[PDB]
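Using the entry's author numbering, read the sequence shown as starting at 1 and increasing by one per residue.
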Amino acid sequence: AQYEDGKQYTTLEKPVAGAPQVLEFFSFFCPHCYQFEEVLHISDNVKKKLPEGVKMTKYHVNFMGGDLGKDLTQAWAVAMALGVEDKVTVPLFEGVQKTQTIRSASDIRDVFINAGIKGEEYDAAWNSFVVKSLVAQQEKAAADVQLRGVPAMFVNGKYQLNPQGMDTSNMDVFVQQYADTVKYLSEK
Numbered sequence: 001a002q003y004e005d006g007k008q009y010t011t012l013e014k015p016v017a018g019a020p021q022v023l024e025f026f027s028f029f030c031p032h033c034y035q036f037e038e039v040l041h042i043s044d045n046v047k048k049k050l051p052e053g054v055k056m057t058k059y060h061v062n063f064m065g066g067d068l069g070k071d072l073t074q075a076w077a078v079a080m081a082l083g084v085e086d087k088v089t090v091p092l093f094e095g096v097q098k099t100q101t102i103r104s105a106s107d108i109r110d111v112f113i114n115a116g117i118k119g120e121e122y123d124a125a126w127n128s129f130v131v132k133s134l135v136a137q138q139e140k141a142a143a144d145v146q147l148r149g150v151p152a153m154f155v156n157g158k159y160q161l162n163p164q165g166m167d168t169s170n171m172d173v174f175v176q177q178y179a180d181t182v183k184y185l186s187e188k
């Protein structure tokens, strides 16, 4: 066939019940994730090829970057809770990977403050039970697929994208192959 199990995607031996329709995992410590975000714009390109009626979910993971990795998962919970993902994603990536100015939870906080989120608003969210459960939700989604690598995308808790089976000579062509594959899996 054109799309074959084990080439553009793999099928989960242990499908996941009730999972989000399009689910992306990443880490601000993750180099292909930085690329996916700032160079490729994968999420944006997938979204514009996705069906009417399909929401996209993106979660952070703990297993890169030690203590700071976990801090970033909680910060991403704060971002989701406040709905400020599009304001902090780029400065967090640059802070961790480009300028390397994020070394502590306080440096993460600085990114939000600089992005216009009030300190008291940030601190209230950080310490909140709603954010605790959003951290738990992120951890549980990753646990459900026994996630060992990022970036990763899952469709309907059944299919995992396999970007290693895609051309990388051209970045544009890679992105569209990725997006078209997601659209295919979603219609499946």
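We put the beta carbon where it would ideally sit given N, CA and C, even for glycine.
Beta-carbon within less than 8 Å of residue i's beta-carbon, same chain only, minus the 5 sequence neighbours each way: which residues are those?
i	result
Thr168	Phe174
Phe36	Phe26, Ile42, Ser43, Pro151
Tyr159	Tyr9, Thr10, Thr11, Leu12, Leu185, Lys188
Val182	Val22, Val46, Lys49, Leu50, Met153, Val155, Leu161
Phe129	none
Sorted by chain position, which residues of the same chain lie with C-beta nearer than 6 Å to residue i's C-beta, five sequence neighbours on each side aside?
i	result
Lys87	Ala115
residue 193	Since the displayed the chain opens at 1 and closes at 188, residue 193 lies outside it and no answer follows.
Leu40	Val175
Since residue i contacts residue j with CB under 8 Å, what's their CB separation in whole angstroms?
i	j	result
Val135	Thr73	6 Å
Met80	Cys30	No, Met80 and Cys30 are not in contact; Cβ-Cβ is about 18 Å, not under 8 Å.
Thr101	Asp107	6 Å
Output the distance between the C-alpha atoms of residue i and residue j, rounded to the nearest integer angstrom.
i	j	result
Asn162	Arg148	14 Å
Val46	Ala179	4 Å
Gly18	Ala141	10 Å
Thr89	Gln146	25 Å
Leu82	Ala125	8 Å
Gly119	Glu94	21 Å
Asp123	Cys33	27 Å
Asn127	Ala143	23 Å
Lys70	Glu85	17 Å
Under a three-way DSSP split, which group does residue i fall into?
i	result
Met80	helix
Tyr122	helix
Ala143	helix
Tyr178	helix
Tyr3	coil
residue 203	The structure shown has nothing for residue 203, since the chain only spans 1 to 188.
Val155	strand
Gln21	coil
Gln160	strand
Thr10	strand
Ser104	coil
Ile117	coil
Q. What are the start and end residues of each continuous alpha helix (DSSP H) run of 4 or more residues lying completely inside the stretch 23-70, in chain order?
A. 31-34, 42-47
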